[PDB]
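Read through the structure below, which is laid out as structure tokens, and then see the notes.
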Amino acid sequence: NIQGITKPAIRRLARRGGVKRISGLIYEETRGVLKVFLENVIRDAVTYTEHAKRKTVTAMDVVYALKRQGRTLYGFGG
Amino acid sequence: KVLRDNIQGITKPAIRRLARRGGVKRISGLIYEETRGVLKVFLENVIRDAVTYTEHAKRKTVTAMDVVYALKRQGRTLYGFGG
Amino acid sequence: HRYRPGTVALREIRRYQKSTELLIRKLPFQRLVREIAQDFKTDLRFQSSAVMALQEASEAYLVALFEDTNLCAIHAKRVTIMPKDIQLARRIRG
Amino acid sequence: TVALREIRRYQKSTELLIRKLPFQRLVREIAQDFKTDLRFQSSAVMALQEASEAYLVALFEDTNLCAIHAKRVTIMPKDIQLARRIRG
Amino acid sequence: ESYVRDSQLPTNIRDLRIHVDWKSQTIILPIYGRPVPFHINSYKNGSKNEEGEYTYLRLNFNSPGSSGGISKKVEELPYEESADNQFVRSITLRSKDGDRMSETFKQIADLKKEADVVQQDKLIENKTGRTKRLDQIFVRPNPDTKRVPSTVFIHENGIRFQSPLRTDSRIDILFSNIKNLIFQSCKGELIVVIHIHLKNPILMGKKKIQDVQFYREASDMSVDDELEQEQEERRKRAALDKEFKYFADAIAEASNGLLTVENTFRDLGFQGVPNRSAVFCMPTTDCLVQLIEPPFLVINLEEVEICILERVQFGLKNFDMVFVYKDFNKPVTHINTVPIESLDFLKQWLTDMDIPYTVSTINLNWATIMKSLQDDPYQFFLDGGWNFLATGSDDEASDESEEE
Amino acid sequence: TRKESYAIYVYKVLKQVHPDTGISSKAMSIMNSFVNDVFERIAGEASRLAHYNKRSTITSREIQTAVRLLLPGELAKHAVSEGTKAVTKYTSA
Amino acid sequence: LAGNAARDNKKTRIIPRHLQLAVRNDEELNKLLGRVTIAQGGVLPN
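This is the structure we're talking about:
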């Protein structure tokens with residue numbers, strides 16, 4: 025599951041960041057960080073849906089959740 | 020009238036005591052002027068917002084309420100002054 | 039010719055900085071997100087655009103965090119990033 | 045060794061390290077640029093000073109952490125800009 | 536001594552430039568047209584200044600107020616032969632007139648630096675019927691940076707670590723020099739280990755070491789659900805554990821109950837930081853040790869007077885504690901990150917040891933107290949003993965009122 | 029002049045949670061600004077939620093989800109339990 | 065929590081040092097009020 029975010033992909037992310045050489049523990053630790061941040065966003069998203077009385081995680085609700093977190097996203101919602 | 024070196028009024032011992040409250044053990048000499056500058060930039064940000072609130076208020080005094088409100092815009096809210 | 043170490047990595051740095059594409063694969067990431075969301079409300083469905091939003095938000099977060107990680111390493115006088123760098127970056131971020 | 049104490053004494057205290065009147069004059073100096081004839085509240089001046097105090101304290105915490113990563117027990121200015129930029 | 540006779544002249548008879556000698560570990564200077572040699576061990580330091588065109592060189596010897604921080608103290612070279620006798624402290628020169636002075640000043644800079663063991667009794671080796679031998683044992687600190695596997699043996703008047711598996715070199719340890727032998731097992735630990743702490747450190751390999759240890763590793767992580793691996797690991801741990809316990813009994817009968825081995829109190833242990841690293845403390849019968857990861861430090865409890873807990877406040881999952889010794893010449897150690905839940909265990913342990921403790925929040929130097937108490941052991945009892953840490957009048961704080 | 033203060037009720041809460049304890053005026057101002065800040069946070073979250081779901085009226089449901097969002101985990105659980113108990117007693121009366 | 069800190073300090077009254085000490089030390093309420101600064105709070109031992 026979180027292991028699906030694999031070493032080549034973590035390397036691609038780090039190269040977008042700028043990193044030239046990468047240590048091996050980077051992959052596992054980054055996987056953990058991704059797990060944590062995804063939990064933080066999804067909790068707000070699903071809570072928004074339970075208020076909305078919908079059974080699906082709407083992208084508008086996602087944008088509102090990311091707005092609450094402060095890591096605002098533009099384009100995939102009104 | 021005119022004031023100068025008021026940012027220099029921040030003293031080297033004051034910076035060192037701040038860094039020690041913050042946990043610093045050994046302090047390089049160059050730290051002091053740059054901390055003075057960081058404090059300076061933060062103060063124009065806060066004071067600009069506070070004075071803007073007052074100019075909206077049609078008031079010649081910068082109330083602690085307006086100060087708190089400026090800090091709240093900056094995202095560094097403080098409790099204890101006004102309300 | 040046998041490329042010396044690091045040159046191809048620098049090439050990829052330029053390449054993926056130029057690109058504007060998703061660097062984590064869509065179905066693995068969708069599976070991951072669904073696995074997280076099992077806990078909060080089970081059997082929950084996802085709008086696909088919503089999944090895309092989670093994905094690019096995560097991409098931005100990890101990209102900025104790797105930037106901070108690399109800055110930490112260069113501060114540490116070490117070109118290779120270490121986990122130490124990631125903890126330092128997140129601890130400064132707070 | 046007194047340096048090592050000198051961390052731990054001021055950590056308890058609630059005192060405002062920056063002296064009161066030079067901060068008042070600094071604050072009015074910055075005020076003059078944006079508007080003059082501004083008669084600040086004393087409460088407003090203390091409110092500014094406390095926030096500045098806390099901000100610098102957090103900055104020095106992050107600075108020392110950067111140094112510990114570097115294997116340097118001395119804070120260098122590179123630590124200051126590194127902390128500022130990572131904080132954003 | 537610099538020289539001994541007239542036959543050995545300086546490098547040049549007409550020494551119109553200030554000369555520095557290397558062979559005889561001394562240098563000559565003319566104080567206004569007539570010579571004198573002085574010694575590197577008689578020297579402290581040198582310094583420079585350039586001003587306009589004029590230049591001022593300062594050279595400081597080793598003397599009272601210069602070599603020692605406080606006068607009238609006890610030092611090897613100046614004081615020991617004569618404590619109340621004339622010496623010289625520092626001189627200066629100005630040699631702007633010739634461009635040969637920076638060269639000799641840098642030769643000074645390296646000559647000051649250019650220039662150590664108590665020898666134990668030789669440990670007699672005897673191959674008797676009762677012979678102790680176990681393999682895959684690694685010694686630490688090692689003779690060289692690489693890791694040395696070999697065997698260990700017990701004899702009647704010391705401990706012998708035979709290298710011939712690796713390099714045939716011989717290292718000897720004297721029974722009287724060993725102060726404390728302690729075992730620590732693999733119960734929650736990554737190694738299985740035997741520590742011997744020595745009172746007279748020995749020179750071995752490349753350096754001078756006090757603490758000596760021999761262990762075997764218990765690592766399980768690999769970078770190359790099956791129950792066979794778990795069974796193999798459990799068999800290895802248990803079988804080698806019975807081997808170690810048998811070996812401990814063997815050395816116990818060899819020592820005839822003199823050099824006792826203390827049992828780790830894992831219940832009493834805690835995650836401390838005495839060596840600025842996350843280590844799990846594990847108190848023992850008479851010598852508290854933290855013997856899991858390096859750097860490795862041992863504190864002898866026989867020479868501990870009392871203990872003082874500092875950083876006493878709620879919300880402090882890390883709080884510090886001080887060993888007040890009976891001998892203050894040695895440095896003071898600071899265990900850090902003591903868990904809150906472990907405070908009761910520390911108190912019970914100290915009560916068992918019968919050592920009165922103090923709990924407080926105030927801070928003063930350790931340096932000035934050590935200096936003053938070496939100056940007079942009783943001055944601090946005169947000025948009130950360890951009760952001074954207790955606060956009687958710090959400040960007064962209150963408020964007008966709060967009502968509406 | 030009348031001053032809008034939660035202090036009168038905060039003092040009662042302080043004595044019930046801890047009878048013998050007292051409060052400085054400075055700490056009392058900390059609490060007054062605290063209650064104002066938390067009230068504004070929750071009320072603003074409720075207003076945004078009413079707009080987001082297009083509801084024209086804030087209700088207990090909006091407030092409890094706002095609590096769920098703004099508070100972190102453990103305080104969120106205990107706060108929602110205490111609050112649902114509170115509206116329950118109010119309605120049952 | 066503030067009264068509990070005050071009882072450790074032995075002072076009957078609660079002061080903003082106690083208020084900030086409780087907030088910083090308790091993880092949960094530290095997440096609620098992390099961005100906040102408590103006036104004259106001070107910093108925790110470390």
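So the protein sequences, as listed, match chains f, b, e, a, Q, h and g.
Under the authors' numbering, think of the first position of the first sequence as 25, with each following residue one higher.
Under the authors' numbering, think of the first position of the second sequence as 20, with each following residue one higher.
Under the authors' numbering, think of the first position of the third sequence as 39, with each following residue one higher.
Under the authors' numbering, think of the first position of the fourth sequence as 45, with each following residue one higher.
When you line the fifth sequence up against the authors' numbering, it's residues 536 to 650, 662 to 770, 789 to 968, in that order.
Under the authors' numbering, think of the first position of the sixth sequence as 29, with each following residue one higher.
Under the authors' numbering, think of the first position of the seventh sequence as 65, with each following residue one higher.
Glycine is no exception: its CB is placed at the ideal position from the N, C-alpha and C atoms.
Residue-chain proximity (residue i, chain a), Cβ-Cβ < 9 angstroms
i, result
"residue 70 of chain g", "no"
"residue 930 of chain Q", "yes"
"residue 67 of chain g", "no"
"residue 130 of chain e", "yes"
Residue from the options whose Cα sits closest to the Cα of residue i
i, options, result
"residue 65 of chain f", "e:80, e:86, e:91 and e:81", "e:91"
"residue 818 of chain Q", "Q:574, Q:750 and Q:704", "Q:704"
"residue 49 of chain f", "e:44, e:123, e:130 and e:96", "e:123"
"residue 89 of chain b", "b:102, b:74 and b:68", "b:68"
"residue 63 of chain b", "b:26, b:101, b:21 and b:20", "b:26"
"residue 80 of chain f", "e:75, e:98 and e:107", "e:75"
"residue 560 of chain Q", "Q:600, Q:536, Q:746 and Q:582", "Q:536"
"residue 98 of chain f", "e:85, e:41, e:98 and e:73", "e:98"
"residue 632 of chain Q", "Q:551, Q:769 and Q:841", "Q:551"
"residue 72 of chain f", "f:93, f:59, f:57 and f:32", "f:93"
"residue 665 of chain Q", "Q:953, Q:886 and Q:749", "Q:749"
"residue 46 of chain b", "a:131, a:127, a:78 and a:108", "a:108"
"residue 74 of chain b", "a:96, a:83, a:106 and a:93", "a:83"
"residue 851 of chain Q", "Q:755, Q:751, Q:728 and Q:733", "Q:728"
"residue 667 of chain Q", "Q:691, Q:679, Q:723 and Q:644", "Q:723"
"residue 126 of chain e", "e:79, e:117, e:39 and e:110", "e:110"
"residue 690 of chain Q", "Q:747, Q:752, Q:745 and Q:635", "Q:752"
"residue 47 of chain a", "Q:896, Q:950 and Q:928", "Q:928"
Test: residue i CB closer than 9 angstroms to a CB of chain Q
i, result
"residue 103 of chain g", "no"
"residue 101 of chain a", "no"
Residues that residue i contacts on chain B, provided the C-beta gap is smaller than 8 angstroms
i, result
"residue 98 of chain b", "The question asks about chain B, but that chain is absent: this structure's protein chains are f, b, e, a, Q, h and g."
Closer than 9 angstroms to chain e by CB, residue i
i, result
"residue 59 of chain f", "yes"
Closer than 9 angstroms to chain h by CB, residue i
i, result
"residue 100 of chain g", "yes"
"residue 963 of chain Q", "yes"
"residue 71 of chain f", "yes"
"residue 105 of chain f", "The requested residue 105 of chain f does not occur in the structure, where chain f is confined to residues 25 to 102."
"residue 967 of chain Q", "yes"
Min CB distance residue i to chain g below 9 angstroms
i, result
"residue 102 of chain h", "yes"
"residue 576 of chain Q", "no"
"residue 82 of chain a", "no"
"residue 118 of chain a", "no"
"residue 791 of chain Q", "no"
Outcome for residue i when other beta-carbon atoms lying within 10 angstroms are tallied against a minimum of 16
i, result
"residue 62 of chain h", "buried"
"residue 618 of chain Q", "exposed"
"residue 526 of chain Q", "Missing from the structure shown is residue 526 of chain Q; chain Q here goes from 536 to 968 and no further."
"residue 44 of chain f", "buried"
"residue 889 of chain Q", "buried"
"residue 86 of chain g", "buried"
"residue 589 of chain Q", "exposed"
Run of the beta strand (DSSP E) containing residue i, from where it starts to where it stops
i, result
"residue 922 of chain Q", "921–923"
"residue 845 of chain Q", "843–845"
"residue 704 of chain Q", "704–708"
"residue 627 of chain Q", "625–628"
"residue 949 of chain Q", "Looking at the DSSP string, residue 949 of chain Q is not in any beta strand (DSSP E), and its letter there is neither H nor E."
"residue 100 of chain b", "Element bounds for residue 100 of chain b: n/a, residue is neither H nor E."
"residue 596 of chain Q", "589–596"
Endpoints, the alpha helix (DSSP H) within which residue i is located
i, result
"residue 86 of chain f", "83–93"
"residue 54 of chain b", "50–76"
heavy atom of the ligand GDP below 8 angstroms from residue i C-beta
i, result
"residue 723 of chain Q", "The ligand GDP is not part of this structure, which contains no ligands at all."
Cutoff 9 angstroms: residue i Cβ touching any chain b Cβ
i, result
"residue 89 of chain g", "no"
request  = Report the residue ranges of all alpha helix (DSSP H) runs contained in full by the segment 877–904 of chain Q; include only those spanning at least 4 residues, in chain order.
outcome  = Fully enclosed alpha helix (DSSP H) runs of no fewer than 4 residues are not present anywhere in the segment 877–904 of chain Q.
inquiry  = Give the list of continuous alpha helix (DSSP H) stretches no shorter than 4 residues that lie fully inside the segment 48–74 of chain h.
reply    = Whole alpha helix (DSSP H) segments, 4+ residues: zero.
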